[PDB]
């Protein structure tokens with residue numbers, strides 16, 4: 001299982017950033033793709049997830065209304081677009097894999113695979 | 001929910017044992033408690049899930065335990081690679097919450 005994210009981005013306040021995450025080594029649509037933010041000197045914050053099979057999403061209240069998650073199964077890639085960027089959106093953004101909610105053994109409760117973080121500076 | 005890790009910083013010799021604590025503001029099912037290890041310059045990786053179950057590729061030097069509002073991560077023998085930041089994570093109410101992390 002590999003998760004490969006896009007390179008670092010530098011944006012201005014009010015701009016939007018779209019971070020990609022290319023998945024391989026597993027059935028793409030069999031897992032949820034989560035995004036987790038890590039601001040410098042801070043801990044990990046969950047942003048939301050997308051379910052590639054349905055393109056269904058759920059967002060953390062913190063980012064709801066600013067973050068849009070999409071995916072394209074033909075290239076097994078997930079995307080996270082964070083709009084109206086603020087200076088405090090400077091962070092390393094990770095994509096992470098977790099089981100879907102129908103997983104019997106609660107594999108959805110945790111993130112078993114992470115990509116290399118993508119740094120976005122605002 | 002609030003996830004509280006302690007101590008913020010832990011320091012001891014290689015070859016020794018370390019215990020990392022994580023406390024919850026409310027009861028957490030063991031199935032919903034996980035631990036991660038984030039080395040300097042690297043993404044977080046899963047160590048423990050379901051409170052006590054090791055993730056694939058994780059040495060048996062790592063173990064987890066606990067229930068309710070009190071969980072721990074134990075490193076029976078610390079190696080140079082183990083001196084990283086560890087996080088506890090909870091799932092519930094359709095949300096994923098991380099602790100502030102502790103540095104070993």
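Because the Cβ atoms are built from the backbone with ideal geometry, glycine has one as well, and the counts that use them run over all protein chains shown. What follows is calculated from the coordinates using simple rules that are stated; it is not laboratory data.
Restricting the range B:76-99 to residues that are facing another protein chain (nearest Cβ under 7 Å) and surrounded by fewer than 17 Cβ atoms within 10 Å (Cβ to Cβ) leaves a set whose member that is nearest to residue B:11 (Cα to Cα) is B:95. Considering the conditions (1) in contact with a helix residue (DSSP H, G or I) (Cβ under 8 Å, 6 or more places away or on another chain); (2) within 14 Å of another protein chain (Cβ to nearest Cβ); (3) crowded, with 17+ Cβ neighbours inside 10 Å, residue A:36 is excluded by exactly one of them, (1).
Residue count for the range A:101-122, restricted to those that are away from chain B (no Cβ under 11 Å) and either crowded, with 17+ Cβ neighbours inside 10 Å or within 14 Å of residue A:8 (Cα to Cα) (or both): 4. Would you say residue A:13 is out of contact with any strand residue (DSSP E or B) (no Cβ under 8 Å at 6 or more places or on another chain) and either at negative phi or without any contact (Cβ under 8 Å) to a residue 24 or more places away in the chain (or both)? Yes, satisfied. When only residues in the range B:32-73 that are within 12 Å of chain A (Cβ to nearest Cβ) and in contact with a helix residue (DSSP H, G or I) (Cβ under 6 Å, 6 or more places away or on another chain) count, which is nearest to residue A:38 (Cα to Cα)? Taking the candidates together, the pick is B:32. Of all the criteria given as (1) more than 14 Å from the chain's Cα centre (by Cα); (2) in contact (Cβ under 8 Å) with a residue 60 or more places away in the chain, the one not satisfied by residue A:41 is (2). For residues in the range A:39-48 being within 9 Å of chain B (Cβ to nearest Cβ) and outside any strand (DSSP E or B), which is farthest from residue A:3 (Cα to Cα)? Among those that are within 9 Å of chain B (Cβ to nearest Cβ) and outside any strand (DSSP E or B), it is A:42.
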